[PDB]
Amino acid sequence: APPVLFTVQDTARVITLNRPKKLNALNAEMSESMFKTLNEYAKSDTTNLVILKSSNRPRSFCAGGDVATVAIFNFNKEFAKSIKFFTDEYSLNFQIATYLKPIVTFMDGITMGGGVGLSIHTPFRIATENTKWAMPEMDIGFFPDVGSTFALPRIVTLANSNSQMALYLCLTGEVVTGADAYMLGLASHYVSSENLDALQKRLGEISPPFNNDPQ
Amino acid sequence: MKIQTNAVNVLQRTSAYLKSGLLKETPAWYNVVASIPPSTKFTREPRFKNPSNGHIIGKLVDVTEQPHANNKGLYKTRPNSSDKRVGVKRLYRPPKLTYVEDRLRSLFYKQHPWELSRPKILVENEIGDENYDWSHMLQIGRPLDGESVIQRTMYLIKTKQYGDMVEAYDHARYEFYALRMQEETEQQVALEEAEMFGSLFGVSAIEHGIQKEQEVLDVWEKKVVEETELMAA
Amino acid sequence: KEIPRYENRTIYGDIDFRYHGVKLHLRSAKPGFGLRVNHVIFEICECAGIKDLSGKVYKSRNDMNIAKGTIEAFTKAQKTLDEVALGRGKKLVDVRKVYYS
Amino acid sequence: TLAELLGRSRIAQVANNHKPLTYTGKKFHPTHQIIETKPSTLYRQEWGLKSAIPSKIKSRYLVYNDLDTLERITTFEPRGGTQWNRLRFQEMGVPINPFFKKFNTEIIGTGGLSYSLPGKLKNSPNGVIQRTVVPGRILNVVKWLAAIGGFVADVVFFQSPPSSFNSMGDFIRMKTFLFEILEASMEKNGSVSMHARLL
Amino acid sequence: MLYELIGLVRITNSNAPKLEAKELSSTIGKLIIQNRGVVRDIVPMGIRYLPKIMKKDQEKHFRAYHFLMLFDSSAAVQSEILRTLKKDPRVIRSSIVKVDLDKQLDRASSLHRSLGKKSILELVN
Amino acid sequence: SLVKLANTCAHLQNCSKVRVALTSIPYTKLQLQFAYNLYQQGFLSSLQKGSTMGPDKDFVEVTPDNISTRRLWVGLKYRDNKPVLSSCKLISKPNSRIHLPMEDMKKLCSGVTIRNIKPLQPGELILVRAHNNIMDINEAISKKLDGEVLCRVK
Amino acid sequence: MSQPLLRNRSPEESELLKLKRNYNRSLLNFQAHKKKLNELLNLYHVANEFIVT
Amino acid sequence: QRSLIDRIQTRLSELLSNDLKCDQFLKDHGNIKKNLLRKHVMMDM
RNA sequence: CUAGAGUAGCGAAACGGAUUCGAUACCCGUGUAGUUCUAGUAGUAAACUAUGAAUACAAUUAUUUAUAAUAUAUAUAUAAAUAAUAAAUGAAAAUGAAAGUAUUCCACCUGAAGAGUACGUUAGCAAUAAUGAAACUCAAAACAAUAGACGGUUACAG
RNA sequence: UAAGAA
Ligand SMILES: [Mg+2]
Ligand SMILES: [Mg+2]
Ligand SMILES: [Mg+2]
Ligand SMILES: [Mg+2]
Ligand SMILES: [Mg+2]
Ligand SMILES: [Mg+2]
Ligand SMILES: [Mg+2]
Ligand SMILES: [Mg+2]
Ligand SMILES: [Mg+2]
Ligand SMILES: [Mg+2]
């Protein structure tokens, strides 16, 4: 099946990451499809908001980027493919950050690397009891890649006057779970998993009251 | 009753009034309702799992998934007439909630009918405030009754200290008896010790029953005499 | 009530509406087309701002029932282009509106 | 989840039963769980059931079958009598062991009527109580039958009835007697058979 | 086919009332067995007063010896047996009812089946 | 089979009147193509394969062993207290099959009543069968393909 | 949409299916015969009490 | 008959479970692999 | 109705007695045909659910009814029927799983009256049954419901 | 490009 599924909920558009075995690891195919489809939705006048979720709902939302292929694209010296991969991923992150319609991310499960990039750049990011949030790039010889260095110095609530809690999270790669992520500001809302279905229906129903401007 | 339209669209009709000019002033609720839309679907929604016991609703087992002879020795080689009937109604019927404890609640009170005479309060205090460790039966904030026995039984089962529900239930029963005997001895000895120090009680339970029986029996005597006299005439 | 109107002159599509014994068949019309309808419907259209309309009444031609049923036809048996577009998640384009820019 | 809490809720703790609330046969033991309310909740018709109980009910005890019915009422009786029998038995002091070391539905030992163990003496300001004295009511001319503390018991005489018995006749139940409860066993049906003697 | 006959034989010989019923049973049984039949039971009911003063042919009865006979025979001979019963002065009332054998080859009479003994095998254990 | 398609149209209307979110239709190539055209056109919220008991959670492969117990499960859409799929009717009936050429199809899409068929409405979908492919009428016009005018859905 | 609607039953599946169906029929016939012989035997026990002569 | 059916099914399930020895048997006897495996198992007994 | 049997009761017709202004009626008495059986003819009824058959589908409740379980209890599941309904339909009364949503096939209707008449034909022992006109006349005629009036209409009170 | 009335 396609690695990303696109569906409709009466006004919202649902984007489901659809790679269960690899824990929704993000690719260049996935990033390109998401980027182009979000570009389409940005023009549609019948779209009000986008929901980002995963089919592998409990275990993972997005367990990082699929940087193993990036590492094989560099063992075989195919550096152009790694460049395309990161261009797609980071252009997608830039799109999500600057999107003019609401984007709602369901961080139900593991949320790491590319997952944080998908979820951290939206004002509406929902953690659950299953949210396992982390930024584990220091141990694979890589850097915070998805705009985390821009977001975390700004969104984190506690002990972040000079980005020092952001630095702690980035450098240590500590796994922040559930309501701790909500309390630190890594998530904007905290909703139980059992409710995310009903919420998804509600987000599909609400429309701007009049003059139909969802922006 | 027909699904009503005019209760959930008060905003739209009000806005038509306002745009036309039929209504001059915006109501106080207008912006509030505009910012908080009502739910206006009113659909029937299917369900695919029984909440209580975890049974899956809406799965058909295929003949390929029954490759072994049934209890009568016959293989299943084609669907039966039940499998061929659309079972969409089950998806919408509110499922019956089931708990093994209820089978075990019925047993206890069949074995102890006089435990039904112990009054029970169904008014909840706060279900969220309960923090019980069912490694023991007595709990602070709870009475000792059949539910203590059954919760202890379920605890013993989920920790696999017993494999069979019967043995766990019997163990809980004997702990319950141990606690009940202590309570009754406490009551009796407390009364005895109270009398030995000059506690003067008024009416006891026996005298209470005697006086109520007397109150009833006076009226009964009067009615009997009146009826006999009437019958004689 | 508020009556949906396409271009503030006609009804959006066609309407085949039964109100008790009255069968109304209303059809949207082009600009400049008049109100070619039953006289009761003509008066209602004059009050409602419908300018272009064709239609026919069958079975009962009781004036009161025609009058009452045409209003349910206008309010209940019409869906605007916006409602259809949002319900289906599709874009409904009016070809004549776009031909003239 | 909501289902687990419902399984643990107080309504769920009451075992299902549909035995008639107006039984006119023989009563050997309770059939219905007695439901109690505090004065504060009774003032607001609150009993922990679905629906508010009518204000006519001033008693704080009831028994019930169905929370709600097609008749839009709760099937209940404002009675908690069987608790007063049990307590009265506890006042008598006469004891009645399976309480000591697939499913069997038979009553186990005493069915919760009494947990008192057999051999113990009741100290009193006079001294050790040798025998238990209890008020009662002779019922009918027959071992006679006596209503004692909510239980029907067998009366045996020292030598013969006194003149009051045949003087009163069927009104013998109007006057209170004193009895010695000799013993109290329980039979297979669940019925307690106390043996007493008039004094 | 299994059939259950319930005859009401007359008892004119007061000193030995069973005398008639014995020879009735002998005649009917001889007919059955000589016509490729079988007799499974000859259960005797007792002497009993009839509900009314029943008049077979031109003689009135107030009591009779009741008897039951369970026998396996064909339809033609069963009709023949009924014919002989109906034109016999000794017999006051007669009735032959089928006992269906679609389930069990062995089946007890109506009396034993009512008592609880469904088949003759139970009745002999 | 036009009889089964008519049954499906009536069943969809029935399910929209009571506002059930999910229902089932017979499992056939025509039924699947029709449901897919409705789904792509925005009239259905979801289309799944399944059994007589419910939609399949995971892929279940269809064989003669289970063909009689297969169904197609469709999710119906509602918005603003109105069903998205209100009416669904056949044009080509079993007892009067209507095959049109591309020119008459263009006339029908342009407001002309052809063979007593009312023309296409502003928010309506007319489906056409060509070479055992169901498809939107405007798409058939674009592909210059004559065909059997099958059903309206509004 | 790409998946075939129906997949034909392979000759091996057909052979196993025919095996199972033949067994089902044979088993039902055999059980009928067994109960038949049992009922015959239970009549053969009580046949002592049947008059034939 | 019963023994043949039950043995065929048990052998089929076992081979489909541990998928190395089924490859061993496929190269010993010569998603289609499932049907061919069933063919070989059915001729096997 | 045709033959042949039977005919106790009931009972067209008929004959009488009443009642009545009158009785050609209701009521009473005798009572033939018929009602019964056998072999036929005939093929009509408010032959009615005033509702053709089949198929797919649509929200509930309560009863039974019949199976299948599970240990009287599961207020047990799956079917049919019945009752009250939602929606839908309908001129409404109301229908309600059809008078709803659909599909297929058949029968039938097209103002009242003349008229289910005449004529013809076919069939039948007959009675009749089927098929089934037109001229003439009129602006009528009918259905549901509404409010009254009335009833040799009910019940309750005063 | 389909109007009704007494
Ligand atoms: Mg004659
Ligand atoms: Mg006669
Ligand atoms: Mg007469
Ligand atoms: Mg008259
Ligand atoms: Mg006369
Ligand atoms: Mg004939
Ligand atoms: Mg006639
Ligand atoms: Mg007729
Ligand atoms: Mg009608
Ligand atoms: Mg005629």
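Atoms considered below: every heavy atom in the structure, side chains included; atoms not considered: hydrogens, waters and symmetry mates. First the proteins, then the strands, lettered A, B, ... as listed; each starts at 1.
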Trainee: Tell me every residue that passes side chain to side chain contact (heavy atoms under 4.5 Å, CB included) with F:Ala35, counting only those two or more places apart in sequence or in another chain.
Mentor: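 Expected list: F:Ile25, F:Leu44, F:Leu47, F:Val74.
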Trainee: Rounding to an integer number of angstrom, what distance separates I:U76 and I:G96 when you compare their P atoms?
Mentor: 28 Å
Trainee: Can a donor-acceptor pair be found between the side chains of C:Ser60 and C:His20 at a distance below 3.5 Å?
Mentor: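 No, because no side-chain N or O of C:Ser60 sits under 3.5 Å from a partner of the opposite role on C:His20.
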Trainee: Using heavy atoms and a sub-4.0 Å distance, could you list which residues of residues 69-94 of chain F are near RNA chain I? By number, please.
Mentor: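 Within this stretch, F:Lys89, F:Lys93, F:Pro94 sit under 4.0 Å of the strand.
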Trainee: Toward the 5' end of RNA chain I, which comes first, F:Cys15 or B:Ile3, by nearest nucleotide?
Mentor: F:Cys15
Trainee: Under the criterion side chain to side chain donor-acceptor pair (under 3.5 Å), which of F:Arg97, F:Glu148, F:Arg129 is the partner of F:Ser92?
Mentor: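 That would be F:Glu148.
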Trainee: Under 4.0 Å between a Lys/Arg side-chain N and an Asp/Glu carboxylate O for C:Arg5 and C:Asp52?
Mentor: no
Trainee: When rounded to the nearest Å, what value does the distance between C1' atoms of I:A98 and I:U51 take?
Mentor: 10 Å
Trainee: With salt bridge (charged side-chain N to carboxylate O under 4.0 Å, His left out) as the test, would you mind laying out the steps for F:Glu124 and F:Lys118 before giving the verdict?
Mentor: CA-CA 11 Å; F:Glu124 194 172 48; F:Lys118 290 191 179 181; over 6 Å; no
Trainee: Can you identify which nucleotide, out of I:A75, J:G4, I:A102, has its nearest atom closest to the C:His39 side chain?
Mentor: J:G4
Trainee: If I pick the P atom on I:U82 and the same atom on I:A126, what distance separates them, to the nearest angstrom?
Mentor: 48 Å
Trainee: Please report, rounded to the nearest Å, how far the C1' atom of J:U1 is from the CG atom of C:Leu35.
Mentor: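 That distance rounds to 15 Å.
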Trainee: Counting N and O atoms only, with roles assigned by atom type, does the side chain of D:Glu106 sit under 3.5 Å from a partner on the main chain of D:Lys188, one being a donor and the other an acceptor?
Mentor: no
Trainee: Between I:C138 and I:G111, is there Watson-Crick or G-U wobble pairing, both distances under 3.5 Å?
Mentor: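 Paired: I:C138 with I:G111, WC or G-U, both distances under 3.5 Å.
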Trainee: Scan residues 41-49 of chain B against RNA chain I and write down, sorted by residue number, each residue with any heavy atom closer than 4.0 Å; if none is found, say none.
Mentor: B:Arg44
Trainee: Give a yes or no on whether I:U30 and I:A14 pair, Watson-Crick or G-U wobble, both distances under 3.5 Å.
Mentor: yes
Trainee: Any side-chain N or O of C:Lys56 below 4.0 angstrom from OP1/OP2 of J:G4?
Mentor: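 Answer yes for this pair, as a side-chain N or O of C:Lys56 is under 4.0 Å from OP1 or OP2.
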Trainee: Please list, pair by pair, any protein nitrogen or oxygen found under 3.5 Å from a nitrogen or oxygen in nucleotides 90-92 of chain I.
Mentor:
{"from": "I:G90", "atom 1": "OP1", "to": "C:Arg18", "atom 2": "NE", "distance (Å)": "3.3"}
{"from": "I:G90", "atom 1": "OP1", "to": "C:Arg18", "atom 2": "NH1", "distance (Å)": "3.1"}
{"from": "I:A91", "atom 1": "OP2", "to": "C:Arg18", "atom 2": "NH2", "distance (Å)": "2.7"}
{"from": "I:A91", "atom 1": "OP2", "to": "C:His20", "atom 2": "O", "distance (Å)": "3.1"}
{"from": "I:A92", "atom 1": "OP1", "to": "C:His20", "atom 2": "ND1", "distance (Å)": "2.5"}

Trainee: Please tell me which of B:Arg85 and F:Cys9 maps to the more 5' nucleotide of RNA chain I, matching each residue to the nucleotide holding its nearest heavy atom.
Mentor: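 That would be B:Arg85.
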Trainee: If a pair means Watson-Crick or G-U wobble with both distances below 3.5 Å, are I:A83 and I:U67 one?
Mentor: no
Trainee: Nearest to the side chain of D:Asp66 - J:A5, I:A75, I:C57?
Mentor: I:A75
Trainee: Can you check the distance between I:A62 and I:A99, where both ends of the measurement are the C1' atom (answer in whole Å)?
Mentor: 24 Å
Trainee: For B:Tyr109 and D:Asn17, does a side-chain donor sit closer than 3.5 Å to a side-chain acceptor?
Mentor: no
Trainee: Out of J:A2, I:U101, I:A58, which nucleotide sits closest to the side chain of F:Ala10?
Mentor: I:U101
Trainee: We want to know whether B:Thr5 and F:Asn81 form a side-chain donor-acceptor pair, criterion being a heavy-atom distance below 3.5 angstrom.
Mentor: no
Trainee: What distance, rounded to whole Å, do you find between the two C1' atoms, one in I:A133 and one in I:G120?
Mentor: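 Their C1' atoms lie roughly 11 Å apart.
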Trainee: Between D:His18 and D:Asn65, is any side-chain donor less than 3.5 angstrom from a side-chain acceptor?
Mentor: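 No donor-acceptor contact under 3.5 Å links the two side chains.
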Trainee: Do D:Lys102 and B:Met165 have side chains that approach each other closer than 4.5 Å (heavy atoms only, starting at C-beta)?
Mentor: no
Trainee: I:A86 and I:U49: how far apart are their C1' atoms, nearest whole angstrom?
Mentor: 24 Å
Trainee: Under the side chain to side chain contact (heavy atoms under 4.5 Å, CB included) test, which residues partner C:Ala67, sequence neighbours left out?
Mentor: C:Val40, C:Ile44
Trainee: Looking at I:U103, I:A58, I:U74, which one has an atom nearest to any side-chain atom of D:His18?
Mentor: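 Selected nucleotide (nearest to the side chain): I:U74.
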Trainee: Among J:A3, I:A75, I:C57, which is the nearest nucleotide to the side chain of C:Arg36?
Mentor: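 The closest nucleotide is J:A3.
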Trainee: Among I:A102, I:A87, I:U78, find the nucleotide with the atom closest to the side chain of B:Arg90.
Mentor: I:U78
Trainee: Taking atom P in both I:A107 and I:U121, compute the distance separating them and give it to the nearest angstrom.
Mentor: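 My reading of the P atoms in I:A107 and I:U121 gives 29 Å.
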Trainee: Applying the 3.5 Å rule to both hydrogen-bond distances, is there a Watson-Crick or wobble pair between I:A91 and I:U60?
Mentor: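 They are not paired, because the relevant distances do not both stay under 3.5 Å.
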Trainee: Could you identify which residues of residues 92-111 of chain B place a heavy atom less than 4.0 Å from some atom of RNA chain I, listed by residue number, or say none?
Mentor: B:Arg93, B:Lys96
Trainee: Can you check the distance between I:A50 and I:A54, where both ends of the measurement are the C1' atom (answer in whole Å)?
Mentor: 23 Å
Trainee: Nearest heavy atom decides the nucleotide; on that basis, is C:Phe33 or C:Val40 closer to the 5' end of RNA chain J?
Mentor: C:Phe33
Trainee: Just say parallel, tilted or perpendicular for the rings of B:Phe108 and B:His112, cut-offs at 30° and 60°.
Mentor: tilted
Trainee: Out of I:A88, I:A75, I:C105, which has the shortest distance to the side chain of F:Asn95?
Mentor: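 Looking only at heavy atoms from C-beta outward on F:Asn95, the closest nucleotide is I:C105.
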